[PDB]
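The next block is model-v9.tsv, given as TSV, N, CA and C atoms and all ligand atoms.
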```tsv
chain	number	residue	atom	x	y	z
A	2	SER	N	82.09	106.49	102.01
A	2	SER	CA	83.00	106.01	103.08
A	2	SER	C	84.08	105.12	102.46
A	3	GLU	N	83.70	103.88	102.12
A	3	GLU	CA	84.66	102.89	101.63
A	3	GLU	C	85.14	103.25	100.22
A	4	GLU	N	84.32	103.98	99.45
A	4	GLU	CA	84.70	104.41	98.09
A	4	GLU	C	85.77	105.52	98.16
A	5	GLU	N	85.72	106.35	99.22
A	5	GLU	CA	86.69	107.42	99.51
A	5	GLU	C	88.05	106.81	99.89
A	6	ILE	N	88.04	105.72	100.68
A	6	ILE	CA	89.25	105.06	101.16
A	6	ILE	C	89.89	104.27	100.02
A	7	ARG	N	89.05	103.61	99.22
A	7	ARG	CA	89.49	102.90	98.00
A	7	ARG	C	90.17	103.91	97.06
A	8	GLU	N	89.62	105.13	96.98
A	8	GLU	CA	90.07	106.18	96.03
A	8	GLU	C	91.44	106.72	96.47
A	9	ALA	N	91.57	107.01	97.78
A	9	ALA	CA	92.83	107.39	98.43
A	9	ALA	C	93.89	106.31	98.20
A	10	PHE	N	93.51	105.03	98.31
A	10	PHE	CA	94.47	103.97	98.05
A	10	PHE	C	94.99	104.02	96.61
A	11	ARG	N	94.09	104.32	95.68
A	11	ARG	CA	94.41	104.31	94.24
A	11	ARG	C	95.37	105.47	93.94
A	12	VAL	N	95.19	106.59	94.65
A	12	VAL	CA	96.10	107.72	94.51
A	12	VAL	C	97.53	107.29	94.85
A	13	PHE	N	97.71	106.44	95.89
A	13	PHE	CA	99.04	105.97	96.28
A	13	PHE	C	99.50	104.80	95.40
A	14	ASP	N	98.61	103.85	95.14
A	14	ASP	CA	98.98	102.69	94.37
A	14	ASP	C	99.04	103.06	92.87
A	15	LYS	N	100.11	103.76	92.46
A	15	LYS	CA	100.09	104.48	91.17
A	15	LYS	C	100.14	103.51	89.98
A	16	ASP	N	100.86	102.38	90.10
A	16	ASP	CA	100.89	101.30	89.06
A	16	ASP	C	99.69	100.31	89.17
A	17	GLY	N	98.79	100.50	90.14
A	17	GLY	CA	97.54	99.70	90.25
A	17	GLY	C	97.76	98.22	90.50
A	18	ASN	N	98.92	97.80	90.99
A	18	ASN	CA	99.11	96.38	91.25
A	18	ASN	C	98.53	95.95	92.62
A	19	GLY	N	97.84	96.84	93.35
A	19	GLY	CA	97.20	96.51	94.65
A	19	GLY	C	98.13	96.58	95.86
A	20	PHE	N	99.34	97.12	95.68
A	20	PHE	CA	100.32	97.34	96.75
A	20	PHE	C	100.97	98.73	96.66
A	21	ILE	N	100.88	99.55	97.72
A	21	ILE	CA	101.69	100.76	97.80
A	21	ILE	C	103.15	100.39	98.14
A	22	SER	N	104.09	100.65	97.20
A	22	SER	CA	105.56	100.46	97.40
A	22	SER	C	106.17	101.70	98.02
A	23	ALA	N	107.39	101.55	98.53
A	23	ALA	CA	108.23	102.66	98.94
A	23	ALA	C	108.36	103.72	97.83
A	24	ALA	N	108.71	103.30	96.61
A	24	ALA	CA	108.92	104.21	95.47
A	24	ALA	C	107.65	105.02	95.23
A	25	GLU	N	106.49	104.35	95.29
A	25	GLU	CA	105.20	105.01	95.11
A	25	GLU	C	104.90	106.03	96.22
A	26	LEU	N	105.28	105.67	97.45
A	26	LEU	CA	105.03	106.52	98.60
A	26	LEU	C	106.01	107.70	98.52
A	27	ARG	N	107.27	107.44	98.16
A	27	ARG	CA	108.24	108.54	97.94
A	27	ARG	C	107.67	109.53	96.92
A	28	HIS	N	107.18	108.99	95.80
A	28	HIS	CA	106.65	109.77	94.71
A	28	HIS	C	105.52	110.67	95.19
A	29	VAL	N	104.54	110.09	95.88
A	29	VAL	CA	103.38	110.87	96.26
A	29	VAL	C	103.79	111.94	97.27
A	30	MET	N	104.58	111.54	98.27
A	30	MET	CA	105.03	112.47	99.30
A	30	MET	C	105.85	113.61	98.70
A	31	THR	N	106.84	113.27	97.85
A	31	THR	CA	107.66	114.26	97.13
A	31	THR	C	106.80	115.28	96.37
A	32	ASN	N	105.74	114.82	95.70
A	32	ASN	CA	104.91	115.72	94.90
A	32	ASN	C	103.81	116.38	95.75
A	33	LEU	N	103.93	116.32	97.08
A	33	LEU	CA	103.16	117.18	97.99
A	33	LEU	C	104.09	118.16	98.72
A	34	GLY	N	105.40	118.09	98.45
A	34	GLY	CA	106.35	119.08	98.91
A	34	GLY	C	107.21	118.60	100.07
A	35	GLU	N	107.38	117.28	100.21
A	35	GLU	CA	108.20	116.68	101.27
A	35	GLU	C	109.57	116.23	100.74
A	36	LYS	N	110.60	116.39	101.57
A	36	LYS	CA	111.96	115.98	101.29
A	36	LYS	C	112.32	114.89	102.30
A	37	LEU	N	112.32	113.65	101.81
A	37	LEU	CA	112.32	112.48	102.64
A	37	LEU	C	113.56	111.63	102.34
A	38	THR	N	114.22	111.14	103.40
A	38	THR	CA	115.30	110.16	103.25
A	38	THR	C	114.68	108.80	102.94
A	39	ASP	N	115.47	107.93	102.31
A	39	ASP	CA	115.13	106.53	102.14
A	39	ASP	C	114.69	105.94	103.48
A	40	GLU	N	115.29	106.44	104.58
A	40	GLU	CA	115.01	106.01	105.95
A	40	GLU	C	113.59	106.46	106.34
A	41	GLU	N	113.26	107.73	106.07
A	41	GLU	CA	111.97	108.29	106.46
A	41	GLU	C	110.83	107.62	105.68
A	42	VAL	N	111.10	107.19	104.45
A	42	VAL	CA	110.09	106.55	103.61
A	42	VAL	C	109.79	105.14	104.11
A	43	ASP	N	110.85	104.38	104.40
A	43	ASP	CA	110.75	103.06	105.04
A	43	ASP	C	109.96	103.13	106.36
A	44	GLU	N	110.21	104.19	107.13
A	44	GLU	CA	109.53	104.44	108.39
A	44	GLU	C	108.03	104.59	108.09
A	45	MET	N	107.69	105.32	107.02
A	45	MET	CA	106.30	105.52	106.61
A	45	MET	C	105.64	104.20	106.16
A	46	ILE	N	106.36	103.33	105.46
A	46	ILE	CA	105.82	102.03	105.09
A	46	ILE	C	105.49	101.23	106.36
A	47	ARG	N	106.32	101.38	107.39
A	47	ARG	CA	106.16	100.62	108.65
A	47	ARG	C	104.92	101.07	109.43
A	48	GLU	N	104.42	102.29	109.20
A	48	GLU	CA	103.20	102.73	109.86
A	48	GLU	C	102.05	101.81	109.50
A	49	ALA	N	102.11	101.15	108.32
A	49	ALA	CA	100.96	100.37	107.85
A	49	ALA	C	101.32	98.91	107.52
A	50	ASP	N	102.59	98.63	107.29
A	50	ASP	CA	102.99	97.32	106.81
A	50	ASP	C	102.88	96.33	107.96
A	51	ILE	N	102.02	95.31	107.83
A	51	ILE	CA	101.81	94.38	108.92
A	51	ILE	C	102.48	93.03	108.61
A	52	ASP	N	102.34	92.51	107.39
A	52	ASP	CA	102.98	91.24	107.03
A	52	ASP	C	104.50	91.41	106.84
A	53	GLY	N	105.01	92.65	106.81
A	53	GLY	CA	106.46	92.89	106.76
A	53	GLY	C	107.06	92.60	105.38
A	54	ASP	N	106.23	92.56	104.34
A	54	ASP	CA	106.69	92.41	102.95
A	54	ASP	C	107.29	93.73	102.41
A	55	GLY	N	107.34	94.80	103.22
A	55	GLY	CA	107.87	96.10	102.77
A	55	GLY	C	106.91	96.92	101.90
A	56	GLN	N	105.65	96.50	101.74
A	56	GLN	CA	104.67	97.37	101.11
A	56	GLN	C	103.30	97.24	101.77
A	57	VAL	N	102.41	98.18	101.42
A	57	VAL	CA	101.10	98.34	102.01
A	57	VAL	C	100.01	97.84	101.05
A	58	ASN	N	99.37	96.71	101.37
A	58	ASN	CA	98.21	96.24	100.60
A	58	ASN	C	96.98	97.04	101.05
A	59	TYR	N	95.84	96.79	100.40
A	59	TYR	CA	94.63	97.51	100.68
A	59	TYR	C	94.15	97.30	102.14
A	60	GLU	N	94.27	96.06	102.63
A	60	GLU	CA	93.77	95.70	103.97
A	60	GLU	C	94.57	96.46	105.04
A	61	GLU	N	95.90	96.50	104.88
A	61	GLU	CA	96.79	97.25	105.74
A	61	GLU	C	96.48	98.76	105.67
A	62	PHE	N	96.09	99.25	104.49
A	62	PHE	CA	95.76	100.66	104.32
A	62	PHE	C	94.50	100.95	105.13
A	63	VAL	N	93.51	100.07	105.02
A	63	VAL	CA	92.25	100.20	105.75
A	63	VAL	C	92.54	100.32	107.25
A	64	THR	N	93.33	99.39	107.79
A	64	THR	CA	93.48	99.38	109.22
A	64	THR	C	94.29	100.61	109.68
A	65	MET	N	95.33	101.04	108.96
A	65	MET	CA	95.96	102.34	109.31
A	65	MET	C	94.89	103.47	109.23
A	66	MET	N	94.04	103.43	108.20
A	66	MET	CA	93.12	104.54	107.93
A	66	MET	C	92.00	104.59	108.97
A	67	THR	N	91.68	103.48	109.65
A	67	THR	CA	90.53	103.44	110.55
A	67	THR	C	90.94	103.23	112.01
A	68	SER	N	92.21	103.45	112.37
A	68	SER	CA	92.64	103.38	113.77
A	68	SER	C	93.37	104.67	114.16
A	69	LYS	N	93.06	105.20	115.34
A	69	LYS	CA	93.73	106.39	115.88
A	69	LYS	C	93.20	106.68	117.28
B	1	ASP	N	93.70	118.04	93.36
B	1	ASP	CA	94.03	118.31	94.78
B	1	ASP	C	93.81	117.05	95.60
B	2	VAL	N	94.29	117.05	96.85
B	2	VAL	CA	94.14	115.87	97.73
B	2	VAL	C	92.64	115.64	97.93
B	3	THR	N	92.23	114.38	97.90
B	3	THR	CA	90.80	114.00	97.97
B	3	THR	C	90.35	113.71	99.40
B	4	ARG	N	90.83	114.46	100.40
B	4	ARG	CA	90.41	114.37	101.83
B	4	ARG	C	90.86	113.09	102.53
B	5	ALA	N	90.46	111.91	102.05
B	5	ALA	CA	90.93	110.62	102.60
B	5	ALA	C	92.44	110.54	102.35
B	6	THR	N	92.89	110.97	101.18
B	6	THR	CA	94.33	110.99	100.84
B	6	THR	C	95.06	111.90	101.84
B	7	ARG	N	94.48	113.04	102.19
B	7	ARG	CA	95.12	113.94	103.19
B	7	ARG	C	95.21	113.22	104.53
B	8	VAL	N	94.16	112.48	104.91
B	8	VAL	CA	94.19	111.73	106.19
B	8	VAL	C	95.29	110.67	106.10
B	9	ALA	N	95.41	110.00	104.96
B	9	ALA	CA	96.45	108.98	104.77
B	9	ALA	C	97.82	109.65	104.87
B	10	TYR	N	97.96	110.83	104.27
B	10	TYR	CA	99.26	111.55	104.29
B	10	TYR	C	99.65	111.87	105.72
B	11	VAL	N	98.71	112.36	106.52
B	11	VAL	CA	98.99	112.70	107.94
B	11	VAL	C	99.33	111.42	108.71
B	12	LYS	N	98.60	110.34	108.46
B	12	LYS	CA	98.84	109.07	109.18
B	12	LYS	C	100.21	108.53	108.81
B	13	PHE	N	100.54	108.51	107.52
B	13	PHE	CA	101.86	108.10	107.06
B	13	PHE	C	102.96	108.93	107.76
B	14	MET	N	102.71	110.23	107.92
B	14	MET	CA	103.67	111.20	108.49
B	14	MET	C	103.80	111.10	110.02
B	15	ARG	N	103.02	110.23	110.68
B	15	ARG	CA	102.91	110.27	112.16
B	15	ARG	C	104.30	110.42	112.79
B	16	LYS	N	105.23	109.53	112.42
B	16	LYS	CA	106.56	109.42	113.11
B	16	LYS	C	107.49	110.58	112.71
B	17	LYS	N	107.42	111.04	111.45
B	17	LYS	CA	108.18	112.20	111.00
B	17	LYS	C	107.66	113.46	111.71
B	18	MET	N	106.33	113.59	111.80
B	18	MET	CA	105.65	114.71	112.52
B	18	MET	C	106.10	114.75	113.99
B	19	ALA	N	106.00	113.61	114.69
B	19	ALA	CA	106.44	113.54	116.09
B	19	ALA	C	107.88	114.05	116.24
B	20	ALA	N	108.78	113.61	115.36
B	20	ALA	CA	110.23	113.92	115.44
B	20	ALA	C	110.54	115.35	114.98
B	21	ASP	N	109.66	115.95	114.17
B	21	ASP	CA	109.79	117.37	113.86
B	21	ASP	C	109.28	118.21	115.05
B	22	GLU	N	108.22	117.74	115.73
B	22	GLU	CA	107.72	118.36	116.96
B	22	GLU	C	108.84	118.42	118.02
B	23	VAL	N	109.53	117.30	118.28
B	23	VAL	CA	110.73	117.27	119.13
B	23	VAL	C	111.75	118.32	118.65
B	24	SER	N	112.41	118.12	117.50
B	24	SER	CA	113.31	119.16	116.92
B	24	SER	C	112.53	120.48	116.76
C	1	CA	CA	101.77	99.63	93.42
C	2	CA	CA	102.48	94.48	103.58
```
What is this file in structure tokens?
Ligand SMILES: [Ca+2]
Ligand SMILES: [Ca+2]
Amino acid sequence: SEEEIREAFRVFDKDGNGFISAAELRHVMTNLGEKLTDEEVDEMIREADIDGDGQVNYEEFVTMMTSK
Amino acid sequence: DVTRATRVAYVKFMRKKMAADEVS
């Protein structure tokens, strides 16, 4: 359960600094076959960004991942 | 390949783009 979510986070957090950045999210999305504007990527960060620092920490990832 | 949780994260991240592609 939690090891799967930690693993998914690591796939996005490519530099391992504990924060998914816009550039990292662009990268992952692009290499799954998506063509995204700077606008659409920012929009994706906002799905999870709660403190409004413009990136997704692990805690923010958890709560996006476990709510629907 | 996507590790299942990553696919769920990809769909969740895509929520607003998906909604707006559904409209268009
Ligand atoms: Ca990072
Ligand atoms: Ca944040």
message: With distances taken over all atoms listed in the file, which residue among A:30, A:37, A:9, A:21 lies nearest ligand CA 2 (chain C)?
response: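 For ligand CA 2 (chain C), the nearest of the given residues is A:21.
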Any chance you could tabulate, as a Markdown table, the residues of chain A at most 7 Å from chain B with each one's nearest atom pair and distance in Å to one decimal, using all atoms listed in the file, in chain and rising number order?
```
| residue | atom | partner | partner_atom | distance |
| --- | --- | --- | --- | --- |
| A:5 | C | B:5 | CA | 5.5 |
| A:6 | CA | B:5 | CA | 6.0 |
| A:8 | C | B:6 | N | 6.5 |
| A:9 | CA | B:6 | N | 4.5 |
| A:10 | N | B:6 | CA | 6.5 |
| A:44 | C | B:13 | C | 6.7 |
| A:45 | CA | B:13 | C | 4.9 |
| A:46 | N | B:13 | CA | 6.8 |
| A:48 | CA | B:13 | CA | 6.2 |
| A:65 | C | B:12 | CA | 6.9 |
| A:66 | CA | B:9 | CA | 6.4 |
```
message: Taking only C-alpha atoms and all ligand atoms into account, list the residues no farther than 8 Å from ligand CA 1 (chain C), as a PyMOL selection string.
response: chain A and resi 13-22+25
- prompt: Neighbours of ligand CA 2 (chain C) within 5 Å, counting all atoms listed in the file, as a PyMOL selection string?
  reply: chain A and resi 50-58
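Secondary structure from DSSP on the backbone puts helix (DSSP H, G or I) at the following positions of chain B: residues 5, 6, 7, 8, 9, 10, 11, 12, 13, 15, 16, 17, 18, 19, 20, 21, 22 and 23 of chain B.
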message: As an exercise, work out the distance from atom C of residue 47 in chain A to CA of residue 61 in chain A in Å and give it to one decimal place.
response: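 According to the coordinates, atom C of residue 47 in chain A and CA of residue 61 in chain A are separated by 9.7 Å.
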Box in all listed atoms of range 17-35 of chain A, axis-aligned, with 6 Å more on each side; write out centre and edge lengths in Å to one decimal as lines of an AutoDock Vina configuration file.
```
center_x = 103.4
center_y = 107.5
center_z = 95.7
size_x = 24.4
size_y = 35.1
size_z = 23.1
```
query: Just asking: which residues within chain A are strand (DSSP E or B) according to DSSP, as a PyMOL selection string?
result: chain A and resi 20-21+57-58
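Atom N of residue 2 in chain A is found 25.8 Å from CA of residue 28 in chain A.
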Coordinates-based distance that separates atom N of residue 11 in chain A from CA of residue 59 in chain A (Å, one decimal):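 Going from CA of residue 59 in chain A over to atom N of residue 11 in chain A covers 8.5 Å.
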Your completed range 38-54 of chain A with N, CA, C and O atoms, as a compact mmCIF listing (two decimals), in the coordinates of the input:
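Heads up, here's the output in result_7.txt:
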```
# COMPACT_ATOMS: atom_id res chain seq x y z
N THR A 38 114.22 111.14 103.40
CA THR A 38 115.30 110.16 103.25
C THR A 38 114.68 108.80 102.94
O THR A 38 113.51 108.56 103.27
N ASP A 39 115.47 107.93 102.31
CA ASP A 39 115.13 106.53 102.14
C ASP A 39 114.69 105.94 103.48
O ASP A 39 113.83 105.06 103.49
N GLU A 40 115.29 106.44 104.58
CA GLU A 40 115.01 106.01 105.95
C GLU A 40 113.59 106.46 106.34
O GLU A 40 112.83 105.69 106.90
N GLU A 41 113.26 107.73 106.07
CA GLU A 41 111.97 108.29 106.46
C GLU A 41 110.83 107.62 105.68
O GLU A 41 109.75 107.45 106.21
N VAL A 42 111.10 107.19 104.45
CA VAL A 42 110.09 106.55 103.61
C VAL A 42 109.79 105.14 104.11
O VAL A 42 108.63 104.75 104.20
N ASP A 43 110.85 104.38 104.40
CA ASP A 43 110.75 103.06 105.04
C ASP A 43 109.96 103.13 106.36
O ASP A 43 109.17 102.22 106.67
N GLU A 44 110.21 104.19 107.13
CA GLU A 44 109.53 104.44 108.39
C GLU A 44 108.03 104.59 108.09
O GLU A 44 107.22 103.98 108.76
N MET A 45 107.69 105.32 107.02
CA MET A 45 106.30 105.52 106.61
C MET A 45 105.64 104.20 106.16
O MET A 45 104.50 103.95 106.49
N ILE A 46 106.36 103.33 105.46
CA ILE A 46 105.82 102.03 105.09
C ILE A 46 105.49 101.23 106.36
O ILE A 46 104.49 100.50 106.40
N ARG A 47 106.32 101.38 107.39
CA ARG A 47 106.16 100.62 108.65
C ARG A 47 104.92 101.07 109.43
O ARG A 47 104.42 100.33 110.23
N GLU A 48 104.42 102.29 109.20
CA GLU A 48 103.20 102.73 109.86
C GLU A 48 102.05 101.81 109.50
O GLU A 48 101.09 101.76 110.24
N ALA A 49 102.11 101.15 108.32
CA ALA A 49 100.96 100.37 107.85
C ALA A 49 101.32 98.91 107.52
O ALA A 49 100.42 98.08 107.43
N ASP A 50 102.59 98.63 107.29
CA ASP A 50 102.99 97.32 106.81
C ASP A 50 102.88 96.33 107.96
O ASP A 50 103.57 96.48 108.94
N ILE A 51 102.02 95.31 107.83
CA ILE A 51 101.81 94.38 108.92
C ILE A 51 102.48 93.03 108.61
O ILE A 51 103.20 92.50 109.46
N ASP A 52 102.34 92.51 107.39
CA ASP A 52 102.98 91.24 107.03
C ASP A 52 104.50 91.41 106.84
O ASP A 52 105.21 90.42 106.75
N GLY A 53 105.01 92.65 106.81
CA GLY A 53 106.46 92.89 106.76
C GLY A 53 107.06 92.60 105.38
O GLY A 53 108.27 92.44 105.25
N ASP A 54 106.23 92.56 104.34
CA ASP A 54 106.69 92.41 102.95
C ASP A 54 107.29 93.73 102.41
O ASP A 54 107.65 93.79 101.25
```
